[PDB]
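K.L.:
let me give you the complex in parts, starting here:
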Amino acid sequence: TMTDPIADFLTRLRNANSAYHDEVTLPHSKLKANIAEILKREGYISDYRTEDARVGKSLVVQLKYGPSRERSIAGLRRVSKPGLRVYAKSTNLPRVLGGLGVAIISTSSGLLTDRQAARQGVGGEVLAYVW
């Protein structure tokens, strides 16, 4: 069955990115929408929107490609997963690509990046890495 919706979202993104698709659709949830917001604000995707599906709602994500058809996402990894979950204190927040990437962290103040969490002095669950 489906165990990790977040990992499934990340793999849909990765598979669409590798195939140079301009569009990826998935079932909607608040967590997926929030990490989509973080991705868009960090400039990793072009834009996203939510339609309505036959049963629930869908998530529509536009992938960003450069003028020479070069992908704007180099990698997407799921860090904390069902089973072995990962939590980081405000001081040992992970660095992605030596700071060139973004680590999404679920803190009690919402979804933040590693730099935002470090600035606000909070910890939480390390959802994923983007670079």
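P.N.:
Nice, I can see it. Numbering: from 1, shown residues only, chains lettered A, B, ... in the order given.
K.L.:
and the contacts of the top helix by length along chain A?
P.N.:
In chain A, taking DSSP state H as the definition, the longest helix is helix A:5-18. With contacts defined as C-beta atoms under 8 Å, 6 or more residues apart in numbering, helix A:5-18 is touched by A:2, A:23-24, A:26-27, A:29, A:31-32, A:35, A:45, A:59, A:61, A:63, A:71, A:73, A:75-78, A:81, A:127-128. From N, CA and C alone the C-beta is placed, and that goes for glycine too.
K.L.:
and after it, which helix or strand comes next?
P.N.:
strand A:23-27 (DSSP states H and E).
K.L.:
residue contacts, residue A:89?
P.N.:
Here residue A:89 is in contact with residue A:123 (C-beta under 8 Å, 6+ apart).
K.L.:
put the buried members of the contacts of helix A:5-18 into a PyMOL selection.
P.N.:
In PyMOL, a selection of the buried entries from those looks like this (16 or more other C-beta atoms under 10 Å):
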select buried, chain A and resi 24+26+32+35+45+59+61+63+73+76+78+127+128
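K.L.:
helix, strand or coil for the residue most central in space within chain A?
P.N.:
Geometric centre of chain A, nearest residue: residue A:35, 4.6 Å, by C-alpha atoms, centre = their mean. Using DSSP: H, G, I helix; E, B strand; the rest coil, the structure places residue A:35 in helix.
K.L.:
can you tell me how far it is from residue A:75?
P.N.:
From residue A:35 across to residue A:75, the span is 15 Å (C-beta to C-beta, to the nearest Å).
K.L.:
include chain B too:
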Amino acid sequence: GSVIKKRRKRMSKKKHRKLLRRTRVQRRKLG
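P.N.:
This next block brings in chain B, placed alongside the chains you saw above:
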């Protein structure tokens, strides 16, 4: 995979089975 490994294993197995056959009554009487 090469059949050489199967040949080594089969020769070991064949020799062991021959040994078991040769001492069936002796094993039965000692056990």
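K.L.:
how near is the residue nearest to the centre of chain A to residue B:14?
P.N.:
Applying C-beta to C-beta to residue A:35 and residue B:14 gives a distance of 63 Å.
K.L.:
how is chain A carved up into domains?
P.N.:
A:1-73, A:74-131 (CATH domains of a matching chain).
K.L.:
which of these is buried the deepest?
P.N.:
Of all the domains of chain A, domain A:74-131 carries the top mean neighbour count, a mean of 16, counting by mean count of other C-beta atoms under 10 Å in any protein chain shown.
K.L.:
can you give me how far that domain is from the chain middle?
P.N.:
With C-alpha atoms, centre = their mean, to the nearest Å as the basis, domain A:74-131 stands 10 Å off its chain's centre.
K.L.:
measure it end to end?
P.N.:
5 Å (C-alpha to C-alpha, to the nearest Å).
K.L.:
which helix runs longest in chain B?
P.N.:
Assigned via DSSP H, chain B shows its longest helix as helix B:3-22.
K.L.:
how about the CA coordinates for that one, as PDB?
P.N.:
Extracted as PDB, the C-alpha positions of helix B:3-22 are listed here (Å, rounded to 0.1, in the frame of the first residue of the first chain):
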ATOM      1  CA  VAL B   3      29.100 -26.200 -13.700                       C
ATOM      2  CA  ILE B   4      32.500 -26.900 -12.000                       C
ATOM      3  CA  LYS B   5      31.100 -25.800  -8.600                       C
ATOM      4  CA  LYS B   6      28.100 -28.100  -9.100                       C
ATOM      5  CA  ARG B   7      30.500 -30.900  -9.900                       C
ATOM      6  CA  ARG B   8      32.500 -30.400  -6.700                       C
ATOM      7  CA  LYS B   9      29.400 -30.300  -4.600                       C
ATOM      8  CA  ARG B  10      28.000 -33.400  -6.400                       C
ATOM      9  CA  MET B  11      31.100 -35.400  -5.800                       C
ATOM     10  CA  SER B  12      31.100 -34.500  -2.100                       C
ATOM     11  CA  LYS B  13      27.500 -35.500  -1.900                       C
ATOM     12  CA  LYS B  14      28.000 -38.800  -3.800                       C
ATOM     13  CA  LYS B  15      30.900 -39.800  -1.600                       C
ATOM     14  CA  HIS B  16      29.000 -39.000   1.600                       C
ATOM     15  CA  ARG B  17      26.000 -41.000   0.400                       C
ATOM     16  CA  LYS B  18      28.300 -43.900  -0.500                       C
ATOM     17  CA  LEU B  19      29.800 -43.700   3.000                       C
ATOM     18  CA  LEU B  20      26.400 -43.700   4.600                       C
ATOM     19  CA  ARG B  21      25.300 -46.700   2.600                       C
ATOM     20  CA  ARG B  22      28.500 -48.700   3.500                       C
END
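K.L.:
put this one in as chain C:
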Amino acid sequence: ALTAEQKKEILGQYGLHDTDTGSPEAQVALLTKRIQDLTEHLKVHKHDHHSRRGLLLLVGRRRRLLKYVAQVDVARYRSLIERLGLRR
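P.N.:
Adding chain C to what we have so far:
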């Protein structure tokens, strides 16, 4: 398997209302009838292992449904167990 009239009668008897067929009560009752029929059949054909596997599958499904009904509401579980003459 059961004919349409047997299914209709069992569903009318054990169903929660006059339309439901997927309630755990109705499913468990139908499974119990099917299992009894299969047991009678296998009492004659002892070497029908292929049908016995289907019997095992039905038994497992009924056990899972009863587990769900017990977890949801114990009173319904007790009522169903006493009404259908089951042990566990």
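K.L.:
show me the contacts for the residue nearest to the centre of chain A.
P.N.:
By C-beta atoms under 8 Å, 6 or more residues apart in numbering or on different chains, the contact set of residue A:35 is A:6, A:9, A:104, A:111, A:127-128.
K.L.:
identify each buried residue in the longest helix of chain B, please.
P.N.:
By neighbour count with 16 or more other C-beta atoms under 10 Å in any protein chain shown, helix B:3-22 contains no buried residues.
K.L.:
gap between the residue most central in space within chain B and residue B:30?
P.N.:
The centroid of chain B falls nearest to residue B:16 when counting by C-alpha atoms, centre = their mean (1.6 Å). Residue B:16 is 18 Å from residue B:30, where distance means C-beta to C-beta.
K.L.:
do residue A:106 as well
P.N.:
Distance of residue A:106 to residue B:30, given as C-beta to C-beta: 70 Å.
K.L.:
and what of residue A:90?
P.N.:
Distance from residue A:90 to residue B:30, by C-beta to C-beta: 73 Å.
K.L.:
after the top helix by length along chain C, next one along is what?
P.N.:
Assignment by DSSP H gives helix C:49-72 as the longest helix of chain C. As assigned by DSSP H and E, the chain's next helix or strand after helix C:49-72 is helix C:74-84.
K.L.:
which residue comes closest to residue A:28 once chain neighbours are left out?
P.N.:
Counting by C-beta to C-beta, 6 or more residues apart in numbering or on different chains, residue A:57 is the residue found nearest to residue A:28 once chain neighbours are left out, at 4.0 Å.
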